[PDB]
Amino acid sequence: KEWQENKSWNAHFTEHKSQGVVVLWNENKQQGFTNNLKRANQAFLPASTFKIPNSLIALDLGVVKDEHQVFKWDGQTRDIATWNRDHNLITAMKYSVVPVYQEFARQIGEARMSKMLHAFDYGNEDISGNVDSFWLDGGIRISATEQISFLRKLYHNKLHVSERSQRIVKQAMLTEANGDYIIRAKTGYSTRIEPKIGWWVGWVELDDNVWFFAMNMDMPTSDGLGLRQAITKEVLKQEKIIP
């Protein structure tokens, strides 16, 4: 996988006063682009972007039966209001409801977790730390370019889980759709261990191609979180991928 540098995209980071990386993979051409080859390959904690593999494993093992199964709020009031209510896989992804995913992780267990992440070739494949938080403050790392490798397999149903688990997760990833494009993606925010960064990884489906993407950026406070999507879209617009 060759990655071409296109530094012009820095204008969209510079302009919004930020630092980060966007990586793009054109599936038809089998060609990648990024504004920063080095940061493209730097490995960070995935945080809530871990919800993709975690969902896949939970489904494949039967921890999650289907996307309608309800995970009842455990009654503990937390900082984010949308977390304080019953959820299913679709809403748990949408609102990035960590407790629901920590419970999945505990049920998966560390042996099946580790074996699954080897099968997925996910990041550095290291789950050291708590079984229910390693992807937040444990030993797992993944780079932007590794997110794309992982996501390309998901897209083509090539991960070592059932096709059904893959289709369900790609349904749960649905973020936006209109008559020009479909975006399936997952955000994240790694606060718990420096450096604080925001992630957005996914792809955009066109009629006759797909463009995978993974971006991360410095995120000292929650106030810049909207820039994850906003900057990614600025780059997609520049590259004529979306209107």
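Numbering starts at 1 and runs along the sequence shown. Here, rigid core means the biggest group of C-alpha atoms that superpose within 1.5 Å across both forms.
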#### Entry: Farther-lying stretch by C-alpha RMS in 6 other deposited structures of this protein (rigid core fit) among 3-11, 232-240
3-11
### Task
Using the B-factors recorded in the PDB entry, average over the C-alpha atoms of 160-168 and of 121-129, then report which stretch comes out higher.
121-129
#### Entry: Mean temperature factor over C-alpha atoms, higher-scoring stretch between 150-158 and 70-78
70-78
### Query
Taking the values straight from the PDB record, which of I142, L136, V98, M173 has the highest C-alpha temperature factor?
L136
### Query
Between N209, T49, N54, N36, where does the Cα B-factor run highest in the record?
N36
## Note on the structure
Assert third(CA B-factor, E27) within chain per record equals middle
### Message
Based on the deposited C-alpha B factors for this chain, I'd like to know if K94 is in the lowest, middle or highest third.
### Response
lowest
#### Entry: Position of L59 among the chain's modelled residues by C-alpha B-factor, lowest, middle or highest third
lowest
### Query
Mind checking which third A40 falls in for C-alpha B-factor across the chain?
highest
### Lowest, middle or highest third - CA B-factor, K196
highest
